[PDB]
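Student: Below you'll find the sequence and an experimental structure to go with it.
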Amino acid sequence: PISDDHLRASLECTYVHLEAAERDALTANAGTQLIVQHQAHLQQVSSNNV
Amino acid sequence: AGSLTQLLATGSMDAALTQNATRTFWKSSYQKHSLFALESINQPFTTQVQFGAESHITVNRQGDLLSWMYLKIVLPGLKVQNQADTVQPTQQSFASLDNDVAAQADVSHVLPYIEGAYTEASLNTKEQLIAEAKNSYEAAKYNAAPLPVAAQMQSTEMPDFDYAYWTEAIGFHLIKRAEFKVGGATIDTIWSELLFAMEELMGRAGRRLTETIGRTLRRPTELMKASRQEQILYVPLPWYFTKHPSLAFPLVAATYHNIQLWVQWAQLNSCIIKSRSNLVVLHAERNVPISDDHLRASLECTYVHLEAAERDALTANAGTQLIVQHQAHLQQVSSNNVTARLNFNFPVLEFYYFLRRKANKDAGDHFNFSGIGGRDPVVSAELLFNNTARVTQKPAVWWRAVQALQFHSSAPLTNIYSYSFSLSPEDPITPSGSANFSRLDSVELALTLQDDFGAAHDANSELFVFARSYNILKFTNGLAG
Amino acid sequence: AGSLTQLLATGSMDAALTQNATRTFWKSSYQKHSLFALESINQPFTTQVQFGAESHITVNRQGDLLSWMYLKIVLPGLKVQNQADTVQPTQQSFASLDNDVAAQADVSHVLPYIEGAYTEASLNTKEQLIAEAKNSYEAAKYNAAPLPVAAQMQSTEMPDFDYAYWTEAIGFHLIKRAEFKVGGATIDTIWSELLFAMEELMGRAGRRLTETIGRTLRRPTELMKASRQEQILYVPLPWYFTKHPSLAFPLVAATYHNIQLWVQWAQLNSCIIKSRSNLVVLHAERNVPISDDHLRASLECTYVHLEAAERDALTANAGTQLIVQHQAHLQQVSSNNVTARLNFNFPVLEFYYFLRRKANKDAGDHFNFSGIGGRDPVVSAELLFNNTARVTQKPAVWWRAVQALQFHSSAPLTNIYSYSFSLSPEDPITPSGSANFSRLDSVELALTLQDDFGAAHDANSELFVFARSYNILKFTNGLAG
Amino acid sequence: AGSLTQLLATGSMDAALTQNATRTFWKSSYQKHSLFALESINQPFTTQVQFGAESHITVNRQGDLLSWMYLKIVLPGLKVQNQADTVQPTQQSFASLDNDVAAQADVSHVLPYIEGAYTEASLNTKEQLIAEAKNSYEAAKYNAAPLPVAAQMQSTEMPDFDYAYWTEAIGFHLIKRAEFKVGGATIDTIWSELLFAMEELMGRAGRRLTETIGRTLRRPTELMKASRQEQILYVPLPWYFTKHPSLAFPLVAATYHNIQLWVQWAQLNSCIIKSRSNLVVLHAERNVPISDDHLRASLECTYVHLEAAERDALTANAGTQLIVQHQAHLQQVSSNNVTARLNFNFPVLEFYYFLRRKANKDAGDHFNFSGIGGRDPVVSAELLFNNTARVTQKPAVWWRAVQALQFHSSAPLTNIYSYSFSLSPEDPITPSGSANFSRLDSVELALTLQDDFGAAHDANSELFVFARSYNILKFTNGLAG
């Protein structure tokens, strides 16, 4: 019988290896990245007007 | 002459205790406080509440602070009917006392010690042979002296009628997980198993949560009586802000963040035990099969209303609160030697651990942390930091009874073990010791369990480890993080 | 390396907790105090002590402060004799177990649900029909699932011999009312029902008043055993000055006022329960019918003796003490909907309420606050200020268990309900919240009671509401007011 | 409008409580502390551990402070064999239930009240005659009403099999005396009887030492079950430094003194009770007669590790600690009137007293402080200073229940009496009253005991009086005194 322990998962990550000069520059001054974040509003619906 | 002579009989040692005394026993002094009021308000969930589902509520802003928080749960009364008499007999399976999986698992460990024709024996003869084999097993494994067979034959006087009941401490069991969220970030997480462990250790005498969570101290006849009618449970949610008035969550200081409680509910099949396997469980009032939509819950919150001057001061400068967060390591157990790698972070105050047999879980006895035959499942434990013994090997009774005696308001009635790095881990406002697990490369809890723990019918027994850690919640410009 | 690294692993957040630490865990500091002594002194009443009478005592000035106060009660042992064997059978009537008015009242509510020839039935058949009618009544009123008839037939194993006993918690029941007076003014008033409610909520685990007040937790066989011999009871009088040493009543500062305790005693007929209606109750030692003059009481006071310097300082400037006073609203109940108009004054900390059935009172079970068939007499309650909901409608369990869990040292074993405006209503020296009832035009407690509460045999059931309020006692020029 | 009006409704009286408020309920403040860690370490005795011997341990220096201290005791499981079946039947005598010396002593007091042919009567007739003679004795001595004979015939359902068990609270009974020594000087001494009395009075609800000391609350069947297997007991040693973190013993400040625990062990013959006189008691695992070398014990100490800055500060200036020391007056009782001359020294906080019948001691019921037939052994007591009544004659219930209610965390379940000169004798850091016995020429505790106490079979009953006194421990230049 299929059971909850039959799920298997792993994480596949792509790494970037840099030249020493770029690695050292990034370690000294990575600064700031613009990021996009996600937000959620989840609601139950029990009427035609919501 | 004697009482006046005692007041005159002072020396240089008394000067350290009584010279320039700043306190008297014969005059009361009191402090004035600011004006405030408390209001309890019940609020419905924002999503549908159902067994096995996740539901959330956005907490209303009906005062300036949030203090106490209770999950108000309403469970229907239960009735039973024979499956043969039911127009729609198809229901989820429930644990049943005619199929005691925990007793069958215990018998399986003593089968190698049964002498004679067990398979062909009468029922009364099988019970005798099992009790004798228990003595032989316990003599072989524990060097135990044999108990008289008559003392092992405890008939639980089960009633000669059909019933179903909600499991022990159902108010905690229903809450598989709850998350306190602010601005979409999880601030803290609590688990059913942690709530029970916290009540065992920190539950004060005369203020135990018994009725408020549907707990009878394993008296099945009281669970049956309670389960015949509608039950209203008030399950306290022990967040950092519910522990002391000075930690009350400042709603006014977090104006731009939604405050949410998320609750993952237990599956209905795990919540009910029945007398017999062939019974259908009915809603007692509606006379329909019990279903996942029969769970009702709401959130009861205590709001604090402040005077305008204190409200304005708190809005301008709420600053930072010291908080306690909970962390969990959950592991399956399939061997008598178990090493738990505790990947917890921050300054840990203390941790709790305990084991649950698969057979106890399958029997619906979710808070039975006992071993085989009701014994202590832990023989010994050791705590290692970076492969160095922080606590050398100690017997189960030291982790269960000595740690509880030193640091907790109560000793656990179940096999819950603890260890504190704090002198007062129940003080929510005064740090009194910690170990910073974010600075340790490895933290290992090594356990030696009882013989045959996690073998055969108990394959995939559960180890729970919960830690309490310090963090800081910051309030700035109407935001909290 | 790890433990030293933890002490070095500090940041800007740790500065708020540990920078300039004013406390260490590794060195004890103690404060010196002034010299004092405690003396316990027993004092007789100034008037005769008798059942149903009022008695007073003028408290002696045997020290500088008054701390603890206990009513020392001596009750004779009880014996019984048949009325036919007694030379003077004329005595007051006592409640008797052969005439259980509470059980008869419970049967009266289920009479409409008895199917078949009840009047002509055998005794065993009548007991069966009553248990079946209880299931039909509870199904109709509460949608309750039926209990097996055998589970409702609890025989209390009553002894097959004649007895009489003092009622449960007789030490409280004897004190219908006590008044603490200073200079002829009543400073505070306590009631039997309030003393019991205070012990239920504030009674600490391992320090319950059981033996000291003649309380057995409703075990009639223990009341019988205790009642065969003389009983000495020490009933604590929970005045403001008995709660903390800094509130001890300054006798030296009140030199020109008499301090008096007034006690209204319970009637003898209410204090005793007997096995049978035809028994005469005798004083066990004297072999005479028990009479109103067999009550003995004295006052045990703990005095504090101060050093001359502290005594002189207290005489010169005793100033003001924060006090808690008690207020009462007592009402008859004749309907399932009850509104109590709470005409209390001052900053109210909290209130308690509970109901007593007429049948429970008439049966001599004075502290049985249960409803019909031992159920919760309150379904729900609401608190209104000026017709605005201060607390919206909440179920009985919220007022009984959630309020006790939040604000009290204990949860009540009886149907006592509370509500606190204070965060710590048991702290006698630190005000932690109140509502000023002298500034409210109306305070209403609206109750929905169980079905048929206050109907028929329970006409004139009692509602008790008690409030705790802050006031100030001032000491000036040898006077107190 | 109402809640804002309450904040505005302030007068000159509220100014004393709320003007310039230094505290808010709506914002938590916390203090930062220094870095520390706790480590529990188990250590073997320096000498052999045996029943009836004295053993000592030199406490290791594994941290900077010493906090908690537990005596870890390991007792073997017990089995029994008939003396006829044993190759070496010669063992020490143990108390046996077929020779109940306590019941025989109780019968001896009622022999003068037996009417009829007792010597020739059947066993069942002798039990009836003894129960009737008990009623006649109690009527004559106490004016007691007779109990029904059937209510006095309590059969303790003793099992119909052979057993032996360790006596009630064996973990305390084993410790006849323990001495905490520093530099060869005794700093404090504790006794078995004092440890039990301290747990009765100061043992908190939900933290009673039951399992940790082998205490069942006089349930012989639970002692039997526990005694069939190896028992590990953790007996807390309640030294001054175990009571509060600020009193932890500064190991670094006492560098040139050895710290020693000395323990005088109970004799093996006093530790065991058996079902029958003709049984040999065996070690359950080894199958050899139980002997004095089967006692195993070790010392479990909690060390505190300090940050270098706090360690260096404590080494430079540990100063002085306020300590509580224990003193004992032990007396034989051979009369109903007893005067104990209390030659105690220093500022006494409080004292405890209790009596043990010779018959209870000989029966192996070492913590049974009851009188004849389980009654209270004290009728009244008086305390005299220099022949002047400091406490006038008071009944036993005042010394047992009123003193415990006023000053202790718990009321004793046994006949332990106390008296406090301190308002808070359980506070280890705040002196709250004392009487300096080194300045009194005489301190006398006068006791009136029950009739026939210390007569006949109870000749050489024991009176225990223990006092708690303040002293100062000084640390200077690596020495402690």
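Tutor: Yep, it's here. Residues are numbered from 1 along each chain as shown, chains lettered A, B, ... in the order given.

Student: how close does whichever residue of chain A sits closest to chain C sit to chain B?
Tutor: As assessed by C-beta to the nearest C-beta, chain C sits closest to residue A:30 within chain A, at 21.0 Å. C-beta coordinates here come from the backbone N, C-alpha and C atoms, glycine included. The gap separating residue A:30 from chain B is 22 Å, by C-beta to the nearest C-beta, to the nearest Å.

Student: How about residue A:4?
Tutor: On the measure of C-beta to the nearest C-beta, residue A:4 and chain B end up 10 Å apart.

Student: Okay, that residue and chain D: tell me how far apart.
Tutor: Distance from residue A:4 to chain D, by C-beta to the nearest C-beta: 37 Å.

Student: With residue A:12 instead?
Tutor: From residue A:12 over to chain D (counting by C-beta to the nearest C-beta), the distance is 41 Å.

Student: Provide the count of other residues in contact range of that residue.
Tutor: Neighbour count for residue A:12, taken as other C-beta atoms under 10 Å in any protein chain shown: 4.

Student: cool, residue A:36 as well?
Tutor: 4.

Student: What of residue A:31?
Tutor: The burial count for residue A:31: 5, using other C-beta under 10 Å.

Student: cool, and residue A:21?
Tutor: Residue A:21: 8 neighbours (other C-beta under 10 Å).

Student: With the one 4 residues further on instead?
Tutor: Residues near residue A:25, counting by other C-beta under 10 Å, number 12.

Student: sec struct for the residue nearest to the spatial centre of chain A, please.
Tutor: By C-alpha atoms, centre = their mean, chain A has its centre lying nearest to residue A:37, at 9.6 Å. Look at residue A:37: counting by DSSP: H, G, I helix; E, B strand; the rest coil, its state is coil.

Student: do the same with residue A:22
Tutor: Residue A:22 - assigned by three-state DSSP - is helix.

Student: What separation do you get for it and residue C:46?
Tutor: 99 Å (C-beta to C-beta, to the nearest Å).

Student: Once you drop chain neighbours, what's closest to the closest residue to chain B within chain A?
Tutor: Closest residue of chain A to chain B, C-beta to the nearest C-beta: residue A:44 (4.7 Å). Excluding the flanking residues, the one nearest residue A:44 by C-beta to C-beta, 6 or more residues apart in numbering or on different chains is residue B:47, at 4.7 Å.

Student: OK, contacts around the one you found?
Tutor: A:42-44, B:54-57 (C-beta atoms under 8 Å, 6 or more residues apart in numbering or on different chains).

Student: can you do 10 Å?
Tutor: A:42-44, B:53-57, B:262-263 (C-beta atoms under 10 Å, 6 or more residues apart in numbering or on different chains).

Student: right, and the pair among those with maximum separation?
Tutor: Spatial extent of the contacts of residue B:47 (C-beta to C-beta) is set by the pair A:43 and B:263 at 16.3 Å.

Student: in chain A, which spans are helices?
Tutor: A:20-28 (DSSP state H).

Student: ok, which stretches of it are strands?
Tutor: In chain A, no segments count as strands under DSSP state E.

Student: Distance-wise, check the residue of chain A closest to chain B relative to chain D.
Tutor: 33 Å.

Student: Let me see the backbone angles for that residue.
Tutor: phi -80, psi 140 (degrees, to the nearest 10).

Student: And for residue A:45?
Tutor: Main-chain torsions, residue A:45, degrees, to the nearest 10: phi -120, psi 120.

Student: Residue A:33 now?
Tutor: phi -110, psi 130.
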